[PDB]
Amino acid sequence: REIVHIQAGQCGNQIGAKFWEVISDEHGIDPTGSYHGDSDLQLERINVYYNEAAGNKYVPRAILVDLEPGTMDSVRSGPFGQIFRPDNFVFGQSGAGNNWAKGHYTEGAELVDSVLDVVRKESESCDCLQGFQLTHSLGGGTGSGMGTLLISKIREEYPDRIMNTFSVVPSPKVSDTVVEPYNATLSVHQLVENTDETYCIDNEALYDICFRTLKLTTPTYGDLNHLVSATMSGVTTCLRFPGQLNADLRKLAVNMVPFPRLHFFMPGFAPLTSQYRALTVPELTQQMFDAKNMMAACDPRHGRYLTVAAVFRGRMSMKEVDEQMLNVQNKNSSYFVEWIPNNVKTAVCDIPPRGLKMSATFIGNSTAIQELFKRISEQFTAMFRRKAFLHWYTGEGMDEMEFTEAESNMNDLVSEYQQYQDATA
Amino acid sequence: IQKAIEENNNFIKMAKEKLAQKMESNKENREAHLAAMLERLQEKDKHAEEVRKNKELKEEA
Ligand SMILES: Nc1nc2c(ncn2[C@@H]2O[C@H](COP(=O)(O)OP(=O)(O)O)[C@@H](O)[C@H]2O)c(=O)[nH]1
Ligand SMILES: COc1cccc(-c2cc(NCc3ccc4[nH]ccc4c3)nc(N)n2)c1
Ligand SMILES: [Ca+2]
Ligand SMILES: [Ca+2]
Ligand SMILES: [Mg+2]
């Protein structure tokens, strides 16, 4: 059960690099690819994300994609730059200019075949491919436009494999350009059809967390990516380390996705870091269900949970987590749908993340994620009703009905979340 | 992508034609101006040759 990782664009490759830095440290792999760890539990599932190369060297099963070489050159020079397989760097020269059309139709189409070639070589070397994960942003052009193009191409060649994504949603408080709502709306319509799980990482929340909670006056993209890498590590701990949980991507999707289109999750993490005081199990459970620890700028009390999964890391009383986990149920029992019995899952991993005795990762399938899509839809319509900045896209061959269609599909997605939010037994 | 190519090419086509059109009409107009200027001056020279000839008839009197 191997996973193939893909990171596309500026945002996708930076959060992807941090990810490989974090889990590489947890598995005991050094920047050169040599193992110098203390426990054999680190290696029992190293194959899930790493290939074993000549010389007992471990190489991430990762593909790096971008339409301009800038960020990828930085990655090759970064701390863990030399660990990636050099032939897995696939880049163009021009770029996408924060244009979904360039990444999806013109500039990205020129490069997509070359990317799929590397996918095949990685998949052919898989004993039993389990699925794919993609890291990318939805506000730019390469990760947004070409990223969804890659997903459509992968579902063509591997139609029976799981396709999941860690997608960074744009926010005006952290914005590079104004056409970000356009690109996001066009990308989400693709994710509704061609992904099994999409973790909605909202830059609005990451900023509010760095500023309000962590008290960071001037947050940088590096500060936000520290939160993202920690969460992705927590989400993947159920596959990367050997508990008595037989977790496969498809089995996890079956347990979390009651309806095919409603597969957009709210990530969460606790404690929030950037101290030494030991955190208590009651504190971990109370923080991980708090809105201030959510990676999507949505209020869970404004919607209802379809399914929930809590992952605890460290050595703690498995009895005490159950008591506190069962306790929190009552404090928000109204916010859990009663027509999916026992819809809250709990997993425990004995291995803690770096420099934390105990941590908790939160994955929620809540109808309150609808708030995020409304926000993007509003920003979209504010411009589209005046056809502002459309020339950037029509110049690349797109028609205006493609914008209208994408708009309607997201409003449909919003309405679908609303019917189940009001549904009762 | 075919549409994108179609639009870039047409924009080049329309530009090339409209430019060629403008600079053929302009060549015609400037030539027609100087042609009329010279034809006016040449018409002056006829009246000049006529004035010389009218003096030549009365000195034969
Ligand atoms: N968290 C995070 N978000 C980013 C980063 N860089 C860009 N973004 C997001 O992505 C959007 C810009 O898209 P961009 O990264 O240029 O897409 P690309 O052209 O495919 O690389 C912005 O709205 C940001 O919110 C980063 O380093 N960290
Ligand atoms: C994006 O790629 C990945 C990669 C690795 C993991 C995941 C992931 C983790 C997860 N959390 C743990 C969990 C949740 C519900 C459970 N039920 C029975 C065991 C059990 C365990 N839940 C989902 N859906 N995916 C997604
Ligand atoms: Ca080209
Ligand atoms: Ca080919
Ligand atoms: Mg950029």
# chains A, B, ... in the order shown; residues from 1 in each chain; ligands from 1
$ residues_near_ligand --ligand "ligand 5" --cutoff "7 Å" --atoms "only C-alpha atoms and all ligand atoms" --output "MDAnalysis selection string"
chainID A and resid 10 98 140 176
$ interface_residues --of "chain B" --to "chain A" --cutoff "9 Å" --atoms "only C-alpha atoms" --output "NGL selection string"
:B and (1-8)
$ residues_near_ligand --ligand "ligand 2" --cutoff "7 Å" --atoms "only C-alpha atoms and all ligand atoms" --output "ChimeraX atom specification"
/A:133,164-166,197,235-239,245,247,249,252-253,255-256,309-311,345,347,363
$ closest_atom_pairs --of "chain A" --to "ligand 4" --cutoff "8 Å" --atoms "only C-alpha atoms and all ligand atoms" --output "Markdown table"
| residue | atom | partner | partner_atom_place_in_ligand_line | distance |
| --- | --- | --- | --- | --- |
| A:113 | CA | ligand 4 | 1 (Ca) | 5.1 |
| A:114 | CA | ligand 4 | 1 (Ca) | 6.6 |
| A:116 | CA | ligand 4 | 1 (Ca) | 7.9 |
| A:117 | CA | ligand 4 | 1 (Ca) | 6.9 |
$ write_last_selection --atoms "N, CA and C atoms" --output "mmCIF file, in the first residue's frame"
data_model
loop_
_atom_site.group_PDB
_atom_site.id
_atom_site.type_symbol
_atom_site.label_atom_id
_atom_site.label_comp_id
_atom_site.auth_asym_id
_atom_site.auth_seq_id
_atom_site.Cartn_x
_atom_site.Cartn_y
_atom_site.Cartn_z
ATOM 1 N N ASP A 113 1.627 16.069 -19.831
ATOM 2 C CA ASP A 113 2.052 14.729 -20.232
ATOM 3 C C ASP A 113 3.380 14.358 -19.582
ATOM 4 N N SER A 114 4.322 15.302 -19.539
ATOM 5 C CA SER A 114 5.612 15.024 -18.919
ATOM 6 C C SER A 114 5.463 14.687 -17.442
ATOM 7 N N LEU A 116 2.719 13.210 -16.041
ATOM 8 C CA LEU A 116 2.110 11.888 -15.934
ATOM 9 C C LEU A 116 3.118 10.778 -16.203
ATOM 10 N N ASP A 117 4.147 11.052 -17.008
ATOM 11 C CA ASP A 117 5.182 10.050 -17.239
ATOM 12 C C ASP A 117 5.859 9.660 -15.931
#
$ residues_near_ligand --ligand "ligand 1" --cutoff "8 Å" --atoms "only C-alpha atoms and all ligand atoms" --output "ChimeraX atom specification"
/A:8-12,14-15,66-67,95-99,103,136-146,168-172,174-177,180,203,206,221-222,224-225,228
$ residues_around --residues "residue 24 in chain A" --least-positions-apart "5" --cutoff "10 Å" --atoms "only C-alpha atoms" --output "list in words"
residues 18, 19, 29, 30, 31, 33, 35, 42, 46, 49, 50, 58, 60, 80 and 83 of chain A
$ write_last_selection --atoms "N, CA and C atoms" --output "compact mmCIF listing (two decimals), in the first residue's frame"
# COMPACT_ATOMS: atom_id res chain seq x y z
N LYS A 18 7.92 21.28 3.57
CA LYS A 18 7.83 21.19 5.03
C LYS A 18 7.30 19.83 5.45
N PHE A 19 6.27 19.34 4.75
CA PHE A 19 5.70 18.04 5.08
C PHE A 19 6.76 16.95 5.08
N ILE A 29 14.80 9.73 9.05
CA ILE A 29 15.55 9.87 7.81
C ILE A 29 16.22 11.24 7.80
N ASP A 30 17.51 11.26 7.49
CA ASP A 30 18.28 12.49 7.47
C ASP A 30 18.18 13.16 6.10
N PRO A 31 18.69 14.39 5.97
CA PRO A 31 18.57 15.09 4.68
C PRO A 31 19.20 14.35 3.52
N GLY A 33 18.98 10.97 3.16
CA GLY A 33 18.22 9.77 2.92
C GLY A 33 18.66 8.55 3.69
N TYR A 35 18.94 6.37 7.27
CA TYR A 35 18.19 6.19 8.50
C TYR A 35 19.12 6.14 9.71
N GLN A 42 9.61 3.03 13.39
CA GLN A 42 9.76 4.08 12.39
C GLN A 42 9.78 3.52 10.97
N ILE A 46 7.58 2.66 6.48
CA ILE A 46 8.33 3.66 5.73
C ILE A 46 8.00 3.56 4.25
N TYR A 49 5.39 5.95 2.07
CA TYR A 49 5.74 7.22 1.46
C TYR A 49 7.16 7.26 0.89
N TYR A 50 7.95 6.21 1.08
CA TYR A 50 9.34 6.21 0.65
C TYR A 50 9.65 4.94 -0.14
N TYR A 58 16.46 5.90 1.49
CA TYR A 58 15.02 6.04 1.34
C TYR A 58 14.70 7.34 0.60
N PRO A 60 11.64 9.78 -1.02
CA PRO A 60 10.20 10.05 -1.06
C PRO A 60 9.59 9.70 -2.41
N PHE A 80 16.01 19.87 3.16
CA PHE A 80 15.79 18.55 2.59
C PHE A 80 15.65 18.60 1.07
N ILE A 83 16.99 15.14 -0.93
CA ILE A 83 16.37 13.84 -0.68
C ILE A 83 15.44 13.42 -1.82
$ residues_around --residues "residue 264 in chain A" --least-positions-apart "3" --cutoff "7 Å" --atoms "only C-alpha atoms" --output "short mmCIF file (atom, residue, chain, number, x, y, z; two decimals) with N, CA, C and O atoms, in the first residue's frame"
data_model
loop_
_atom_site.label_atom_id
_atom_site.label_comp_id
_atom_site.auth_asym_id
_atom_site.auth_seq_id
_atom_site.Cartn_x
_atom_site.Cartn_y
_atom_site.Cartn_z
N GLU A 197 -11.23 12.95 -0.88
CA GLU A 197 -11.12 13.75 0.33
C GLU A 197 -10.31 15.00 0.01
O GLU A 197 -9.24 14.92 -0.59
N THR A 198 -10.83 16.16 0.42
CA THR A 198 -10.14 17.43 0.27
C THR A 198 -10.14 18.12 1.63
O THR A 198 -11.20 18.49 2.14
N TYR A 199 -8.95 18.27 2.21
CA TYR A 199 -8.79 18.98 3.47
C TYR A 199 -8.70 20.47 3.17
O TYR A 199 -7.74 20.94 2.56
N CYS A 200 -9.72 21.22 3.60
CA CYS A 200 -9.83 22.64 3.30
C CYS A 200 -9.00 23.44 4.30
O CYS A 200 -9.44 23.69 5.42
N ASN A 365 -16.06 16.36 9.15
CA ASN A 365 -16.93 16.52 7.98
C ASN A 365 -18.20 17.21 8.47
O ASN A 365 -19.19 16.56 8.81
#
$ select_by_dssp --residues "range 77-297 of chain A" --states "helix (DSSP H, G or I)" --output "compact mmCIF listing (two decimals) with N, CA and C atoms, in the first residue's frame"
# COMPACT_ATOMS: atom_id res chain seq x y z
N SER A 77 17.51 23.46 -3.04
CA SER A 77 18.56 24.04 -2.21
C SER A 77 18.21 24.05 -0.73
N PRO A 86 15.98 13.32 -8.34
CA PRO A 86 16.14 14.46 -9.26
C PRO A 86 15.26 14.37 -10.50
N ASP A 87 15.01 13.16 -11.01
CA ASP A 87 14.16 13.02 -12.19
C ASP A 87 12.69 13.27 -11.88
N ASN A 88 12.32 13.47 -10.61
CA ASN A 88 10.95 13.79 -10.25
C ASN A 88 10.66 15.29 -10.24
N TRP A 100 -5.87 30.64 -13.75
CA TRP A 100 -6.35 29.26 -13.80
C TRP A 100 -6.34 28.74 -15.23
N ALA A 101 -6.70 29.60 -16.19
CA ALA A 101 -6.76 29.16 -17.59
C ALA A 101 -5.39 28.74 -18.10
N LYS A 102 -4.34 29.47 -17.73
CA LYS A 102 -3.00 29.10 -18.19
C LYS A 102 -2.58 27.75 -17.62
N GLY A 103 -2.91 27.48 -16.36
CA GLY A 103 -2.52 26.22 -15.76
C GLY A 103 -3.34 25.05 -16.25
N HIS A 104 -4.60 25.29 -16.61
CA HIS A 104 -5.51 24.20 -16.95
C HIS A 104 -5.62 23.93 -18.44
N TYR A 105 -5.44 24.95 -19.28
CA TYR A 105 -5.77 24.84 -20.70
C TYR A 105 -4.59 25.08 -21.64
N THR A 106 -3.76 26.09 -21.38
CA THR A 106 -2.70 26.48 -22.32
C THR A 106 -1.33 26.08 -21.81
N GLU A 107 -0.81 26.75 -20.78
CA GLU A 107 0.56 26.49 -20.36
C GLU A 107 0.69 25.14 -19.68
N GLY A 108 -0.28 24.79 -18.82
CA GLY A 108 -0.22 23.52 -18.13
C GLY A 108 -0.41 22.33 -19.05
N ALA A 109 -1.32 22.45 -20.02
CA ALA A 109 -1.54 21.36 -20.97
C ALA A 109 -0.25 21.00 -21.70
N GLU A 110 0.62 21.98 -21.92
CA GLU A 110 1.88 21.71 -22.60
C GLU A 110 2.77 20.79 -21.78
N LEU A 111 2.70 20.88 -20.45
CA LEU A 111 3.60 20.15 -19.56
C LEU A 111 2.96 18.94 -18.89
N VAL A 112 1.64 18.76 -19.00
CA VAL A 112 0.97 17.75 -18.18
C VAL A 112 1.44 16.35 -18.54
N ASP A 113 1.63 16.07 -19.83
CA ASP A 113 2.05 14.73 -20.23
C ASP A 113 3.38 14.36 -19.58
N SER A 114 4.32 15.30 -19.54
CA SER A 114 5.61 15.02 -18.92
C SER A 114 5.46 14.69 -17.44
N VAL A 115 4.48 15.29 -16.76
CA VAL A 115 4.26 14.98 -15.36
C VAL A 115 3.69 13.57 -15.20
N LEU A 116 2.72 13.21 -16.04
CA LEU A 116 2.11 11.89 -15.93
C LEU A 116 3.12 10.78 -16.20
N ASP A 117 4.15 11.05 -17.01
CA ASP A 117 5.18 10.05 -17.24
C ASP A 117 5.86 9.66 -15.93
N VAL A 118 6.19 10.65 -15.10
CA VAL A 118 6.83 10.35 -13.82
C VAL A 118 5.86 9.63 -12.89
N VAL A 119 4.57 9.96 -12.97
CA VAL A 119 3.57 9.25 -12.18
C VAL A 119 3.59 7.77 -12.52
N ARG A 120 3.64 7.45 -13.82
CA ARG A 120 3.62 6.05 -14.23
C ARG A 120 4.84 5.30 -13.70
N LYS A 121 6.02 5.91 -13.80
CA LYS A 121 7.23 5.23 -13.34
C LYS A 121 7.18 4.99 -11.83
N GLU A 122 6.58 5.91 -11.08
CA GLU A 122 6.43 5.69 -9.64
C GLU A 122 5.37 4.62 -9.37
N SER A 123 4.29 4.60 -10.15
CA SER A 123 3.21 3.65 -9.91
C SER A 123 3.62 2.24 -10.33
N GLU A 124 4.39 2.11 -11.41
CA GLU A 124 4.82 0.79 -11.85
C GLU A 124 5.70 0.12 -10.80
N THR A 142 -0.93 27.66 -11.29
CA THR A 142 -0.32 26.35 -11.51
C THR A 142 -0.96 25.30 -10.59
N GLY A 143 -0.85 25.49 -9.28
CA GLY A 143 -1.46 24.55 -8.36
C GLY A 143 -2.97 24.46 -8.55
N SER A 144 -3.60 25.59 -8.87
CA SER A 144 -5.05 25.61 -9.06
C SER A 144 -5.44 25.03 -10.41
N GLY A 145 -5.01 25.67 -11.50
CA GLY A 145 -5.37 25.25 -12.84
C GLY A 145 -4.77 23.92 -13.24
N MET A 146 -3.44 23.85 -13.28
CA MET A 146 -2.79 22.61 -13.67
C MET A 146 -3.02 21.50 -12.65
N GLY A 147 -3.12 21.85 -11.37
CA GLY A 147 -3.36 20.84 -10.36
C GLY A 147 -4.63 20.06 -10.61
N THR A 148 -5.72 20.77 -10.90
CA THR A 148 -6.97 20.09 -11.23
C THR A 148 -6.87 19.37 -12.56
N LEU A 149 -6.09 19.90 -13.50
CA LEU A 149 -5.86 19.19 -14.76
C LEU A 149 -5.18 17.86 -14.50
N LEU A 150 -4.15 17.85 -13.66
CA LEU A 150 -3.49 16.60 -13.31
C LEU A 150 -4.47 15.61 -12.69
N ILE A 151 -5.33 16.10 -11.80
CA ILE A 151 -6.30 15.22 -11.15
C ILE A 151 -7.21 14.58 -12.18
N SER A 152 -7.69 15.36 -13.15
CA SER A 152 -8.55 14.81 -14.19
C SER A 152 -7.81 13.77 -15.02
N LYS A 153 -6.52 14.00 -15.29
CA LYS A 153 -5.75 13.04 -16.08
C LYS A 153 -5.48 11.77 -15.28
N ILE A 154 -5.23 11.91 -13.97
CA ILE A 154 -4.94 10.74 -13.15
C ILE A 154 -6.18 9.87 -12.99
N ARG A 155 -7.34 10.47 -12.77
CA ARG A 155 -8.56 9.68 -12.71
C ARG A 155 -8.83 8.96 -14.02
N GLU A 156 -8.25 9.43 -15.12
CA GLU A 156 -8.43 8.75 -16.40
C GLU A 156 -7.61 7.46 -16.45
N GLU A 157 -6.33 7.53 -16.08
CA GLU A 157 -5.46 6.36 -16.16
C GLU A 157 -5.63 5.44 -14.95
N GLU A 180 -8.17 35.77 -7.36
CA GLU A 180 -8.15 34.54 -6.58
C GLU A 180 -9.53 33.91 -6.44
N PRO A 181 -10.62 34.66 -6.20
CA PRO A 181 -11.94 34.01 -6.17
C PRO A 181 -12.30 33.30 -7.46
N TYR A 182 -11.93 33.87 -8.62
CA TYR A 182 -12.19 33.20 -9.89
C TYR A 182 -11.50 31.84 -9.94
N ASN A 183 -10.19 31.81 -9.66
CA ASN A 183 -9.45 30.56 -9.74
C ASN A 183 -9.97 29.53 -8.75
N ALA A 184 -10.29 29.96 -7.53
CA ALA A 184 -10.79 29.02 -6.53
C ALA A 184 -12.12 28.41 -6.96
N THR A 185 -13.04 29.24 -7.45
CA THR A 185 -14.35 28.74 -7.85
C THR A 185 -14.23 27.74 -9.00
N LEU A 186 -13.32 28.01 -9.95
CA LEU A 186 -13.11 27.06 -11.04
C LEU A 186 -12.48 25.77 -10.55
N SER A 187 -11.61 25.84 -9.54
CA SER A 187 -10.95 24.64 -9.03
C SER A 187 -11.91 23.78 -8.21
N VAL A 188 -12.72 24.40 -7.35
CA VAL A 188 -13.60 23.62 -6.48
C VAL A 188 -14.53 22.74 -7.31
N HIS A 189 -15.10 23.29 -8.38
CA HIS A 189 -15.95 22.48 -9.25
C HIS A 189 -15.24 21.21 -9.71
N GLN A 190 -13.93 21.28 -9.92
CA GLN A 190 -13.18 20.09 -10.29
C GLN A 190 -13.03 19.15 -9.10
N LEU A 191 -12.80 19.72 -7.91
CA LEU A 191 -12.60 18.89 -6.72
C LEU A 191 -13.88 18.17 -6.31
N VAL A 192 -15.04 18.78 -6.57
CA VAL A 192 -16.31 18.15 -6.21
C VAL A 192 -16.50 16.83 -6.94
N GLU A 193 -15.93 16.70 -8.13
CA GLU A 193 -16.13 15.51 -8.96
C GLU A 193 -15.00 14.50 -8.86
N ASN A 194 -13.75 14.95 -8.72
CA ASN A 194 -12.59 14.11 -8.99
C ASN A 194 -11.69 13.90 -7.77
N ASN A 203 -6.45 30.00 4.51
CA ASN A 203 -5.43 30.95 4.93
C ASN A 203 -6.00 31.99 5.89
N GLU A 204 -7.30 32.27 5.81
CA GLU A 204 -7.91 33.18 6.77
C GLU A 204 -7.75 32.66 8.19
N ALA A 205 -8.02 31.37 8.40
CA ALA A 205 -7.87 30.79 9.73
C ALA A 205 -6.41 30.73 10.15
N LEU A 206 -5.52 30.34 9.24
CA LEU A 206 -4.10 30.24 9.59
C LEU A 206 -3.56 31.59 10.02
N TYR A 207 -4.02 32.67 9.38
CA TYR A 207 -3.59 34.01 9.78
C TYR A 207 -4.17 34.37 11.14
N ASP A 208 -5.49 34.22 11.30
CA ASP A 208 -6.13 34.51 12.58
C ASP A 208 -5.50 33.71 13.71
N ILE A 209 -5.10 32.47 13.43
CA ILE A 209 -4.47 31.65 14.47
C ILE A 209 -3.09 32.20 14.81
N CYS A 210 -2.29 32.53 13.79
CA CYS A 210 -0.96 33.06 14.06
C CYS A 210 -1.03 34.40 14.78
N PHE A 211 -2.01 35.24 14.44
CA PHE A 211 -2.10 36.58 15.00
C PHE A 211 -2.83 36.62 16.34
N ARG A 212 -4.05 36.09 16.38
CA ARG A 212 -4.86 36.22 17.59
C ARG A 212 -4.39 35.27 18.69
N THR A 213 -4.27 33.98 18.37
CA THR A 213 -3.95 33.00 19.40
C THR A 213 -2.46 32.97 19.70
N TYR A 221 4.36 33.45 5.36
CA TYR A 221 3.91 32.17 4.83
C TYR A 221 4.59 31.01 5.55
N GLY A 222 5.82 31.22 6.02
CA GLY A 222 6.48 30.18 6.79
C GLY A 222 5.77 29.87 8.09
N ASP A 223 5.24 30.90 8.75
CA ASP A 223 4.49 30.67 9.99
C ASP A 223 3.21 29.89 9.73
N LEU A 224 2.51 30.20 8.63
CA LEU A 224 1.31 29.45 8.29
C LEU A 224 1.64 28.01 7.92
N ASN A 225 2.74 27.80 7.21
CA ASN A 225 3.09 26.45 6.77
C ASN A 225 3.53 25.57 7.93
N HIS A 226 4.02 26.17 9.03
CA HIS A 226 4.29 25.39 10.23
C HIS A 226 3.03 24.72 10.75
N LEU A 227 1.90 25.42 10.69
CA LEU A 227 0.63 24.82 11.08
C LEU A 227 0.19 23.75 10.09
N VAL A 228 0.37 24.00 8.79
CA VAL A 228 -0.10 23.07 7.78
C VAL A 228 0.67 21.76 7.84
N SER A 229 2.00 21.84 7.92
CA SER A 229 2.81 20.62 7.97
C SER A 229 2.49 19.80 9.22
N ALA A 230 2.28 20.47 10.35
CA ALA A 230 1.94 19.75 11.58
C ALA A 230 0.62 19.00 11.42
N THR A 231 -0.37 19.63 10.77
CA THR A 231 -1.65 18.97 10.57
C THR A 231 -1.52 17.79 9.62
N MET A 232 -0.86 18.00 8.47
CA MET A 232 -0.71 16.91 7.51
C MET A 232 0.04 15.74 8.14
N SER A 233 1.02 16.03 8.99
CA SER A 233 1.67 14.96 9.74
C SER A 233 0.66 14.23 10.61
N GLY A 234 -0.19 14.98 11.31
CA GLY A 234 -1.19 14.35 12.16
C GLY A 234 -2.20 13.55 11.37
N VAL A 235 -2.61 14.06 10.21
CA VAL A 235 -3.60 13.35 9.40
C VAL A 235 -3.03 12.03 8.90
N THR A 236 -1.76 12.03 8.50
CA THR A 236 -1.13 10.86 7.92
C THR A 236 -0.54 9.91 8.96
N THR A 237 -0.59 10.27 10.25
CA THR A 237 -0.03 9.39 11.27
C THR A 237 -0.75 8.05 11.32
N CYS A 238 -2.03 8.02 10.95
CA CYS A 238 -2.78 6.77 11.01
C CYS A 238 -2.27 5.75 10.00
N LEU A 239 -1.60 6.20 8.93
CA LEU A 239 -1.01 5.30 7.95
C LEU A 239 0.50 5.14 8.13
N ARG A 240 1.18 6.15 8.68
CA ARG A 240 2.63 6.14 8.72
C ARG A 240 3.19 5.34 9.89
N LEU A 249 -6.62 4.06 2.55
CA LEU A 249 -7.26 5.29 2.07
C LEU A 249 -8.73 5.05 1.75
N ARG A 250 -9.03 3.95 1.05
CA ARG A 250 -10.42 3.67 0.70
C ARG A 250 -11.26 3.39 1.94
N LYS A 251 -10.73 2.60 2.88
CA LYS A 251 -11.48 2.32 4.10
C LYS A 251 -11.76 3.60 4.88
N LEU A 252 -10.78 4.50 4.95
CA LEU A 252 -10.99 5.76 5.66
C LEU A 252 -12.03 6.62 4.94
N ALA A 253 -11.98 6.66 3.61
CA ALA A 253 -12.97 7.43 2.86
C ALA A 253 -14.37 6.85 3.05
N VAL A 254 -14.49 5.53 3.03
CA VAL A 254 -15.80 4.90 3.21
C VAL A 254 -16.41 5.31 4.55
N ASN A 255 -15.57 5.48 5.57
CA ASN A 255 -16.06 5.78 6.91
C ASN A 255 -16.33 7.26 7.14
N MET A 256 -15.84 8.14 6.26
CA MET A 256 -15.95 9.58 6.48
C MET A 256 -16.84 10.31 5.49
N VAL A 281 -5.24 15.76 29.04
CA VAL A 281 -6.17 15.15 28.09
C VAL A 281 -7.46 15.97 28.01
N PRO A 282 -8.05 16.42 29.12
CA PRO A 282 -9.23 17.30 28.98
C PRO A 282 -8.94 18.54 28.15
N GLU A 283 -7.75 19.12 28.29
CA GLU A 283 -7.40 20.30 27.51
C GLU A 283 -7.25 19.98 26.03
N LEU A 284 -6.63 18.84 25.70
CA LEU A 284 -6.46 18.48 24.29
C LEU A 284 -7.81 18.32 23.60
N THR A 285 -8.75 17.63 24.24
CA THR A 285 -10.05 17.39 23.62
C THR A 285 -10.86 18.68 23.53
N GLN A 286 -10.76 19.54 24.54
CA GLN A 286 -11.52 20.78 24.53
C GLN A 286 -11.00 21.75 23.47
N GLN A 287 -9.68 21.78 23.26
CA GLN A 287 -9.12 22.68 22.25
C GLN A 287 -9.41 22.19 20.84
N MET A 288 -9.33 20.88 20.62
CA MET A 288 -9.46 20.35 19.26
C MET A 288 -10.88 20.47 18.73
N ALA A 291 -13.46 26.33 17.90
CA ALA A 291 -13.36 26.99 16.61
C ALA A 291 -11.99 27.63 16.41
N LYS A 292 -11.32 28.01 17.49
CA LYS A 292 -10.03 28.69 17.37
C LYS A 292 -8.93 27.76 16.88
N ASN A 293 -9.14 26.44 16.91
CA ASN A 293 -8.14 25.48 16.48
C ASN A 293 -8.44 24.91 15.09
$ atom_distance --atom1 "CA of residue 27 in chain A" --atom2 "CA of residue 61 in chain A"
14.5 Å
$ atom_distance --atom1 "CA of residue 64 in chain A" --atom2 "CA of residue 376 in chain A"
27.8 Å
$ atom_distance --atom1 "CA of residue 17 in chain A" --atom2 "CA of residue 369 in chain A"
27.0 Å
$ decode --residues "range 47-58 of chain B" --atoms "N, CA, C and O atoms" --output "PDB file, in the first residue's frame"
ATOM      1  N   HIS B  47      -0.461  79.754 -69.098  1.00  0.00           N
ATOM      2  CA  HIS B  47      -0.815  81.169 -69.085  1.00  0.00           C
ATOM      3  C   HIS B  47       0.417  82.051 -69.233  1.00  0.00           C
ATOM      4  O   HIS B  47       0.322  83.167 -69.757  1.00  0.00           O
ATOM      5  N   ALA B  48       1.577  81.576 -68.778  1.00  0.00           N
ATOM      6  CA  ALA B  48       2.810  82.331 -68.973  1.00  0.00           C
ATOM      7  C   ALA B  48       3.230  82.310 -70.437  1.00  0.00           C
ATOM      8  O   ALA B  48       3.567  83.351 -71.013  1.00  0.00           O
ATOM      9  N   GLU B  49       3.212  81.128 -71.059  1.00  0.00           N
ATOM     10  CA  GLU B  49       3.515  81.044 -72.483  1.00  0.00           C
ATOM     11  C   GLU B  49       2.486  81.800 -73.313  1.00  0.00           C
ATOM     12  O   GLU B  49       2.805  82.289 -74.403  1.00  0.00           O
ATOM     13  N   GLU B  50       1.249  81.908 -72.819  1.00  0.00           N
ATOM     14  CA  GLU B  50       0.228  82.656 -73.544  1.00  0.00           C
ATOM     15  C   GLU B  50       0.471  84.157 -73.442  1.00  0.00           C
ATOM     16  O   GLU B  50       0.268  84.893 -74.415  1.00  0.00           O
ATOM     17  N   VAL B  51       0.904  84.631 -72.271  1.00  0.00           N
ATOM     18  CA  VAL B  51       1.208  86.050 -72.113  1.00  0.00           C
ATOM     19  C   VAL B  51       2.362  86.449 -73.024  1.00  0.00           C
ATOM     20  O   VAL B  51       2.353  87.529 -73.627  1.00  0.00           O
ATOM     21  N   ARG B  52       3.373  85.585 -73.141  1.00  0.00           N
ATOM     22  CA  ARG B  52       4.480  85.870 -74.048  1.00  0.00           C
ATOM     23  C   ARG B  52       4.009  85.912 -75.495  1.00  0.00           C
ATOM     24  O   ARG B  52       4.487  86.731 -76.290  1.00  0.00           O
ATOM     25  N   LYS B  53       3.067  85.038 -75.857  1.00  0.00           N
ATOM     26  CA  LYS B  53       2.588  84.998 -77.234  1.00  0.00           C
ATOM     27  C   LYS B  53       1.681  86.181 -77.549  1.00  0.00           C
ATOM     28  O   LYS B  53       1.643  86.641 -78.696  1.00  0.00           O
ATOM     29  N   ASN B  54       0.950  86.690 -76.554  1.00  0.00           N
ATOM     30  CA  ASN B  54       0.074  87.830 -76.799  1.00  0.00           C
ATOM     31  C   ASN B  54       0.870  89.109 -77.025  1.00  0.00           C
ATOM     32  O   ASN B  54       0.426  89.991 -77.767  1.00  0.00           O
ATOM     33  N   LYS B  55       2.041  89.232 -76.394  1.00  0.00           N
ATOM     34  CA  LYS B  55       2.909  90.371 -76.669  1.00  0.00           C
ATOM     35  C   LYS B  55       3.494  90.294 -78.072  1.00  0.00           C
ATOM     36  O   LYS B  55       3.784  91.329 -78.682  1.00  0.00           O
ATOM     37  N   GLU B  56       3.671  89.082 -78.599  1.00  0.00           N
ATOM     38  CA  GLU B  56       4.327  88.896 -79.885  1.00  0.00           C
ATOM     39  C   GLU B  56       3.431  89.250 -81.067  1.00  0.00           C
ATOM     40  O   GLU B  56       3.946  89.467 -82.168  1.00  0.00           O
ATOM     41  N   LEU B  57       2.111  89.318 -80.868  1.00  0.00           N
ATOM     42  CA  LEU B  57       1.201  89.660 -81.958  1.00  0.00           C
ATOM     43  C   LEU B  57       1.053  91.165 -82.149  1.00  0.00           C
ATOM     44  O   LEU B  57       0.879  91.622 -83.282  1.00  0.00           O
ATOM     45  N   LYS B  58       1.110  91.942 -81.064  1.00  0.00           N
ATOM     46  CA  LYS B  58       0.895  93.382 -81.165  1.00  0.00           C
ATOM     47  C   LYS B  58       2.168  94.131 -81.538  1.00  0.00           C
ATOM     48  O   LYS B  58       2.089  95.198 -82.157  1.00  0.00           O
TER      49      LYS B  58
END
